[PDB]
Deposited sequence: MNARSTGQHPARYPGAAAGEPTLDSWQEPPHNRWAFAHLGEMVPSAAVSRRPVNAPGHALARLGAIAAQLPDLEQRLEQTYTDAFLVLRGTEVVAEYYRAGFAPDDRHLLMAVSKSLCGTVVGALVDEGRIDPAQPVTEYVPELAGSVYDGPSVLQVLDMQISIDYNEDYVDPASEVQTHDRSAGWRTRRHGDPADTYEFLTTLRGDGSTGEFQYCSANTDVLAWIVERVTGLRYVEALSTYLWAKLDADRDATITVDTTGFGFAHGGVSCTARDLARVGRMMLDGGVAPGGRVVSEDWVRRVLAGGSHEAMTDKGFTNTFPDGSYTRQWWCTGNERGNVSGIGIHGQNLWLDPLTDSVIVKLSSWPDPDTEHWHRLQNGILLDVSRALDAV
């Protein structure tokens, strides 16, 4: 068993409603107001064709920028310098206020929610995961600290290969509803997480999407809130965002914390703005000054043995669900597959959002092109 989880609505039994019960009372009062949480749904537009390019301020220094964005399958691109939007691009068919899947940029949002609860003293990163989720006893998460989950420094038998049909990634997807279930698959994300094992070693970076969903589970046990609601209460509702974000949910209503958030480019930039403002957003403080400082400082370099990342960023590292380049600019970024970045450039007090749809999830080729763009744009923002 996976223990207590936040009810889908006040008074709801465990796991209720399901696809087969949502039309029945008492579930239907909630379900009729939230049907998209149960059944795939399309927007019927209240508004009655070509790319929008407003690169302007940086166009002079990067003349071929629009072409470079096209070549990296860019859907939305936005540069926020200070509080000002100084450059924007949206592909044909994607409106400025359309939402876009963040993939693992979602992880950086989850880490922020954890940080908020650390600031409140409700989570101690030094404590073992099992202090908050006892039901993870007997799994690979039995022993490691919350900080080791945050920093992805737990050795886990989990093949994070996004194209291999046999990988734990796909089983993770099937358990959560991103792919069609197979017979024998775990019923939900919580159950899947408890099946994970490892050799017990810690301290070396291993990127594993399961870690973030464990963080979200901790958030739920500490707050009593559905992760969906915690993500709003501790982060999204303080941003003065233009639109709600969305997050996919599994059959229990658990948000897909490691990859399932969608939002507008402009609103995602507000998360970066909060980070460069020492953790404060328009609606109040989100995380502590110290938390932000530790993110910008980076993780242990020696833990970072991912040759892929360090080939580009030799002094790079990872901490608290952020990638840290360790480059001369101190760039830090949320990253999601197929070309999602929430990229911070503290030197120029700027945030770069790039949301894309590369044909491939993760190759050296696409990252070389993408990082070239983000670095060039960052440098174009320097005083001259």
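Counting from residue 1 of the deposited sequence, the stretches lacking C-alpha coordinates in this chain are 1-4, 53-56.
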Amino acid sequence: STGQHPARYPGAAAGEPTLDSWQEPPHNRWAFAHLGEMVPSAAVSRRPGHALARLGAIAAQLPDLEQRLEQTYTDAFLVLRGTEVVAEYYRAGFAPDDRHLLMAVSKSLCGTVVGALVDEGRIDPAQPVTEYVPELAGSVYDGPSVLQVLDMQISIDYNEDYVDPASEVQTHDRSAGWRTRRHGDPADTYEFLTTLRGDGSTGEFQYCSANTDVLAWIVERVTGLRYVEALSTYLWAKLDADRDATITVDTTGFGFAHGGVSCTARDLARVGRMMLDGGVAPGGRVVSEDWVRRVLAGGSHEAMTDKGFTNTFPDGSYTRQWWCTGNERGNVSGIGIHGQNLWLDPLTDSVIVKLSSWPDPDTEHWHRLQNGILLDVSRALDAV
From here on, numbers count along this sequence of modelled residues.
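Two stretches are in play, 71-79 and 195-203, and the higher mean C-alpha B-factor belongs to 195-203. Of the two segments, 53-61 and 324-332, the one listed with the higher mean B-factor is 53-61 (C-alpha atoms only). The PDB entry assigns the greatest CA B-factor among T189, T248, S209, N159 to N159. Across the options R47, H34, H338, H27, the residue with the most elevated CA B-factor in the record is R47. In this PDB entry, the Cα temperature factor of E88 sits in the top third of its chain's modelled residues, the highest group. Sort the chain's modelled residues by C-alpha temperature factor and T305 lands in the highest third, per the entry.
Per the deposited record, the Cα B-factor of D242 falls in the middle third when ranked against the other modelled residues of its chain. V118: CA B factor lies in the highest third for its chain, per the PDB record. For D151, the recorded CA B-factor ranks within the lowest third of the chain. Only modelled residues enter the ranking.
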